[PDB]
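Two forms, one chain: they're shown below as structure tokens, one block per form, named structure 1 and structure 2.
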Structure 1
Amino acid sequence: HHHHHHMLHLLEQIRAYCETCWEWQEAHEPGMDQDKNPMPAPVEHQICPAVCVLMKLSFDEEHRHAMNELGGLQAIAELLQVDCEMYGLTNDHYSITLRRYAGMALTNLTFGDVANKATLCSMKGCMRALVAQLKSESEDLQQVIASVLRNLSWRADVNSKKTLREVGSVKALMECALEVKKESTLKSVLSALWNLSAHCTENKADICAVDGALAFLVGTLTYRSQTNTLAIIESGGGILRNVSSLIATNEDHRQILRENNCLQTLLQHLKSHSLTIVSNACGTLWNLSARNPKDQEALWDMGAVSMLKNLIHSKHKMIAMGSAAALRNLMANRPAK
């Protein structure tokens, strides 16, 4: 009757299942046919209810603390890993469901938790498995995995940044985004990309190097949410902001932006009630207005100067800085008029 008996049972249960799978793997010996060494199936060990209950508990701060004392993150991650590796990208509903519940618990356990983020990223096999799930037929599973990667890419340490890059999570998520149908999924995928696009220049270059990614991201700037939400424009515009430092020095990529009416839409964003949107737009305009006569002229002609002037005295530091910087670029480069 130990106080955390339920939690201990759940964690021991998924751990024992991983042992069972390891035992199967290691029993592949001559004469060990499928009848002597059957491949374990998670239904045989009540795994989906186990992770379901673990997911529910992980929403509570106190339960998370107990879960962390019992090594819950590692246990849940190893479970997710073994099922992904054993059964691959299956459409089996039981497998999809347990992978979703496990990833939800991992998202909860990584929220604001320095140690857990670093631990999960250090589990390379698990990280590779997470990234592979982005190609699942299940967009709901994609959504969950992107949620995990989102948390791992916030305040990532040096090892974690390197790992996230080495498992190819940036290109995987960008390619995933091009294929998503559901808003819920896109939201989570873009949130993760938003954080990852900030890690280093190489990550920005990887996003830009995905065929169709830039046009797609400019597309998100005018997304029409079926819910009453601005999340897609915020995160899409956020990625564009981060990546625009590289685009600024790339003529071909500027041209893709022009083809998709990027500057004009960014100006419309300056009128947004969302500070995040205005702020992202200011940053993007700052980069795009830099050292480019063509886009400078375009912005003048669109009346960007008076719009930016309206923002320089903003209480919001990013907005005030970005607007002033972009305005400076335009003011220093007045067309013949």
Structure 2
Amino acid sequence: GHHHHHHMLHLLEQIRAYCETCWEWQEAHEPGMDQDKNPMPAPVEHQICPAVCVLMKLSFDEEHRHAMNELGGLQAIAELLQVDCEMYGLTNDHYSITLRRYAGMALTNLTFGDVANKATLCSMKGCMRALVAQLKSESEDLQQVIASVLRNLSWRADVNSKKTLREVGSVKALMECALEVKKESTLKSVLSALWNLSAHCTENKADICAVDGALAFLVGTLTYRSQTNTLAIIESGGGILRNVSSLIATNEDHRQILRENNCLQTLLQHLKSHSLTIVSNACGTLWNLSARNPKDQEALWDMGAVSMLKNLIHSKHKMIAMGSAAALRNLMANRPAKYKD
């Protein structure tokens, strides 16, 4: 019979009505000292977590996602996230933390494989500012959900969305976040988001390198010791390093940072990895760093890089074949004088 997503409608209607409640408060918020009363709408008193929790679970299925997209679900969930962040700031309140996490999980699912929803969410600038700001939250699980959203927003982004992600300071915020995270799984999401952002433009690459301690940290991630039986951190960190190494190659200071954290020698060890992503990333980084610098050319020569790169030039993987060969040409074309006697 009349069997539609009316429960979903009811759950969206709950969230829109709570959103409405909140915007009445902040419309009425007399700048600064609103009054002695001090009561914002509390999301617990509206039972919002259960509502957003249900929409989050429904968002794993594609058919419910289609229904959600017809009924403006992404706009409502994003609005919910924004307003709570704006009202209560960077709280450790578990009810507020849980709310933002579940909202962010739904936005992650809703932006997955959906270029329109990526653009819509990116066009909601206030929500995007809230997301970025939540990377400074003391909840590392919130950070992790926030980075998951930005990871999907940074993948197959249209040019305006790419422009917005840059303008809201997502790149700097993710890199500064990364330096302070303890939980491995949080770091994965954070570095997954950065790896994506790092391929967009020179400006994003430059901003990653400009963050204090960021290149030293990224070199450290190359020898990360996982507690989750995965190479995600080495792959993502090295992938970020590969994309930004085009700029590091022009910069003697940034090269010197890499040298003192044993980067080139680690990149050579990475050529023997059982992850082909790690080998590929290293071949890309070595390609860049072996151009236009005698110091690192001579250093790679001394570490046996030429013999190591030879072994991969006939690889069946294309970027390993291309990456090792181009780095090999550079070293062959700049043979140090002491290897001609």
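Each form is matched to the other, and the largest set of C-alpha atoms that superpose within 1.5 Å is called the rigid core. Each residue is numbered by where it sits in the sequence of structure 1, with counting from 1.
Q: Is residue 37 one of the residues whose C-alpha moves 2 Å or more between structures 1 and 2 after the core fit?
A: Yes, shifts by 2 Å or more.
Q: Just checking, between structures 1 and 2 and with the core aligned, does residue 301 shift 2 Å or more at the CA?
A: No.
Q: After superposition on the rigid core, what is the displacement of the C-alpha atom of residue 28 between structures 1 and 2, in Å?
A: After core superposition, the C-alpha of residue 28 moves 4.3 Å between structures 1 and 2.
Q: Core overlaid, residue 315 C-alpha shift between structures 1 and 2, how many Å?
A: On core superposition, this C-alpha lies 1.5 Å from its counterpart.
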